């Protein structure tokens, strides 16, 4: 469980993210797709993209980054009490989109990297550690729902 001090670190950097949700979502998805090309393939919307420049030029990719980061921000602000927010997400991701937990680990890495690049002064090691714990908690809870569903 995260402590109150850890949640404060998480939400302090997250408030910086929310000044530019779309730009952060672009950066995160591009990093994910470049670092882990199998993830791109899960998106019929995006698997035509062949280059970073094409990814950066795609308005639809920017829209999905907003969708993803909006959902994550709503989860983070629940400070662990995110059961209702995870139910639909775990269901769609296990049974429709088919996103392994490992791919959630990869996007978590991408989130952390982009937050460190964009917000170094608010993303020292303490805050990195807290955000890693928050994203682990997310993954843990989704994983339990996947297991229930046999995914």
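Positions refer to the first chain, counted from 1.
Asks: Per the entry, where is the mean C-alpha temperature factor higher: 28-36 or 43-51?
Replies: Per the PDB entry, the higher value belongs to 43-51.
Asks: Using only the Cα atoms and their B-factors as the entry lists them, report which of 114-122 and 96-104 averages higher.
Replies: Per the deposited B-factors, the answer is 96-104.
Asks: Ranked by Cα temperature factor within the chain, is residue 82 in the lowest third, the middle third or the highest third?
Replies: Highest third, going by the recorded CA B-factors of the chain.
Asks: Of the three thirds of its chain by CA temperature factor, lowest, middle or highest, which one includes residue 18?
Replies: Tercile = highest for this residue's CA B-factor.
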